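Reviewing the structure listed below.
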Amino acid sequence: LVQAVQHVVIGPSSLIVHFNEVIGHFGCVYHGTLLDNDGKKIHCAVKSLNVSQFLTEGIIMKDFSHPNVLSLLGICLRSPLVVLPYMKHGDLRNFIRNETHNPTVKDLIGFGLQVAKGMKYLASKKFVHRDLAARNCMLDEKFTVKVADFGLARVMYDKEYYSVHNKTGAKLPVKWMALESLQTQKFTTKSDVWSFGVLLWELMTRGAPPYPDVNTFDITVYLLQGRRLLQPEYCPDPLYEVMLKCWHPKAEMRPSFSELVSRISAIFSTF
Ligand SMILES: CCOc1ccn(-c2ccc(F)cc2)c(=O)c1C(=O)Nc1ccc(Oc2ccnc(N)c2Cl)c(F)c1
């Protein structure tokens, strides 16, 4: 493990944490400066963790290289610190909810296509996300969407959406979970497809909360009855058909991420 983690570990002398520049219970995010031995100084975001599994997550994230997936600059051991490239426009949900922003109907479909591309890359590597949602996607200075996971850093802020299992300790985002995951607590690439369907609905409503009139406990019965999220006012009919296929009760009937990239590219560029 020590030899395997060598390329991910950053020395404490190489990282400058700007503690008086907070970005945002389980950890704080601050502005930072990373001192690169072979290039220019890097502006970063540093997340503090208030151990063996953590370093293996570091090795997996360091192997990611795709314009639609958040990369890892490294990990600093001394509380442990996670070093990420800085994302100028924060999370995707807060960006589209901002009343001073004017994304077009095509721009919103475009953000959906970017997520599908990042997920197609992850699924080809057999990586299961388990928490795909607009709040976990980042936006850089060039408006490029980066698929990521805050982990436990926003569970208290997003307390309305998260359940924590009393036995396994698992993070459970009930209103983004596939029917079979709510019944078995098992996650697959096909249950990530269901979550992507919910993410598309969030984009086309500019960040509205899903099922606002349905109790947490009533979600399983609501879904077994065959009921689903309603078509947003400015969501095109072919894009709603895509959402409905992502929510099929049989995991095997749901489209692959390759089929999603193809259908959304058609919707995005065709009239
Ligand atoms: C090493 C363990 O951590 C992981 C592990 C896996 N993945 C992961 C999981 C699935 C994927 F597909 C890809 C990556 C992660 O995303 C993280 C993580 O820590 N992400 C994280 C994200 C945003 C943060 O906040 C920022 C950052 C930059 N700019 C601004 N403005 C803000 Cl607010 C932040 F601090 C930390």
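To be explicit about the labels: the chains of the structure tokens are called A, B, and onward in the order shown, and within each one the residues are counted from 1, while ligands get numbers from 1 in the order they are shown.
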Report task. Check every protein, DNA and RNA residue against ligand 1, keep those with an atom at most 7 Å away (counting only C-alpha atoms and all ligand atoms), and present them as number ranges by chain. Result -> A: 23-24, 29, 44-47, 54, 57-58, 61, 69-71, 82, 84-91, 122, 129, 138, 147-151
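Near residue A:115, within a cut-off of 9 Å and counting only C-alpha atoms, sit the residues residues 68, 69, 110, 111, 112, 118, 119, 120, 137, 145, 146, 147 and 196 of chain A, with same-chain residues fewer than 3 positions away left out.
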Query - Counting only C-alpha atoms, the option among A:125, A:248, A:171, A:106 closest to residue A:204 - result: A:106
Query raised in the report: Where in stretch 35-203 of chain A does DSSP assign helix (DSSP H, G or I), given as a PyMOL selection string?
Result: chain A and resi 52-62+92-97+105-124+134-136+174-176+179-184+189-203
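Compared by their closest atoms to residue A:180, and using only C-alpha atoms, the residues A:162, A:247, A:211, A:157 rank with A:247 nearest.
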**Report entry** Which residue of A:257, A:201, A:64, A:26 approaches residue A:189 most closely, using only C-alpha atoms
**Finding:** A:257
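Nearest residue to residue A:152 among A:83, A:51, A:134, A:172 is A:172, counting only C-alpha atoms.
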Report task. Name the closest residue to residue A:103 among the candidates A:226, A:200, A:131, A:143; distances are taken between atoms, counting only C-alpha atoms. Result -> A:143
Sorted by chain and rising residue number, list the residues of stretch 96-208 of chain A at most 9 Å from stretch 236-246 of chain A (counting only C-alpha atoms), each with its closest atom pair and distance in Å to one decimal, as CSV.
residue,atom,partner,partner_atom,distance
A:109,CA,A:239,CA,8.8
A:190,CA,A:246,CA,8.4
A:191,CA,A:246,CA,8.8
A:193,CA,A:246,CA,5.7
A:194,CA,A:246,CA,4.8
A:195,CA,A:246,CA,8.0
A:196,CA,A:246,CA,7.4
A:197,CA,A:243,CA,4.8
A:198,CA,A:243,CA,7.5
A:200,CA,A:243,CA,7.2
A:201,CA,A:243,CA,7.5
**Report entry** Selection near residue A:212, 10 Å with only C-alpha atoms, sequence-local residues under 4 positions removed, as a count of residues only
**Finding:** 3
Strand (DSSP E) call set, DSSP backbone run, stretch 25-152 of chain A, as a compact mmCIF listing (two decimals) with N, CA and C atoms, in the first residue's frame:
# COMPACT_ATOMS: atom_id res chain seq x y z
N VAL A 29 -13.60 23.09 3.64
CA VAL A 29 -12.94 23.27 2.35
C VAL A 29 -12.37 24.70 2.37
N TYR A 30 -11.08 24.84 2.02
CA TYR A 30 -10.36 26.12 2.04
C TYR A 30 -9.66 26.35 0.72
N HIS A 31 -9.28 27.61 0.43
CA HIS A 31 -8.46 27.93 -0.73
C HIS A 31 -7.04 27.48 -0.36
N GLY A 32 -6.27 27.06 -1.36
CA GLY A 32 -4.90 26.59 -1.15
C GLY A 32 -3.98 26.90 -2.31
N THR A 33 -2.66 26.77 -2.06
CA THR A 33 -1.60 26.95 -3.04
C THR A 33 -0.70 25.73 -2.94
N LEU A 34 -0.56 25.01 -4.05
CA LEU A 34 0.30 23.83 -4.12
C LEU A 34 1.60 24.21 -4.83
N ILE A 42 0.08 26.11 -8.12
CA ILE A 42 -1.31 25.77 -8.46
C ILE A 42 -2.31 26.28 -7.41
N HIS A 43 -3.42 26.92 -7.86
CA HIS A 43 -4.51 27.35 -6.99
C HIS A 43 -5.40 26.11 -6.81
N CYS A 44 -5.65 25.74 -5.56
CA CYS A 44 -6.42 24.54 -5.26
C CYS A 44 -7.46 24.73 -4.17
N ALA A 45 -8.26 23.67 -3.95
CA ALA A 45 -9.24 23.56 -2.89
C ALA A 45 -8.74 22.40 -2.02
N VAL A 46 -8.70 22.61 -0.71
CA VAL A 46 -8.19 21.65 0.26
C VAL A 46 -9.31 21.27 1.22
N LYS A 47 -9.63 19.97 1.28
CA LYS A 47 -10.68 19.42 2.15
C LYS A 47 -10.05 18.66 3.33
N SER A 48 -10.40 19.05 4.56
CA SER A 48 -9.90 18.40 5.77
C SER A 48 -10.83 17.27 6.19
N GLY A 74 -3.65 15.35 -5.17
CA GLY A 74 -3.00 14.48 -4.21
C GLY A 74 -3.59 14.49 -2.81
N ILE A 75 -2.92 13.79 -1.88
CA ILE A 75 -3.31 13.67 -0.47
C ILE A 75 -2.13 14.05 0.45
N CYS A 76 -2.39 14.88 1.47
CA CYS A 76 -1.37 15.30 2.42
C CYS A 76 -1.62 14.69 3.80
N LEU A 81 -5.58 15.65 4.54
CA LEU A 81 -6.08 16.66 3.61
C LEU A 81 -6.15 16.14 2.16
N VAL A 82 -7.25 16.45 1.45
CA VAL A 82 -7.50 16.08 0.05
C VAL A 82 -7.30 17.36 -0.78
N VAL A 83 -6.43 17.30 -1.81
CA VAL A 83 -6.08 18.45 -2.65
C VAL A 83 -6.70 18.29 -4.06
N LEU A 84 -7.57 19.24 -4.44
CA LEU A 84 -8.30 19.22 -5.72
C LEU A 84 -8.03 20.45 -6.58
N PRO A 85 -8.06 20.37 -7.95
CA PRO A 85 -7.96 21.61 -8.74
C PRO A 85 -9.18 22.48 -8.40
N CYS A 137 -21.70 17.40 -8.87
CA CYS A 137 -21.02 17.74 -10.11
C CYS A 137 -20.47 19.16 -9.97
N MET A 138 -19.21 19.37 -10.36
CA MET A 138 -18.53 20.67 -10.27
C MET A 138 -18.50 21.38 -11.63
N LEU A 139 -18.28 22.71 -11.62
CA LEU A 139 -18.21 23.52 -12.84
C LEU A 139 -16.96 24.41 -12.80
N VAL A 145 -18.26 20.58 -16.99
CA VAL A 145 -18.83 19.83 -15.87
C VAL A 145 -17.86 18.72 -15.46
N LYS A 146 -17.57 18.59 -14.15
CA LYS A 146 -16.69 17.54 -13.62
C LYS A 146 -17.47 16.67 -12.61
N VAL A 147 -17.72 15.39 -12.94
CA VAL A 147 -18.39 14.44 -12.02
C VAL A 147 -17.46 14.19 -10.81
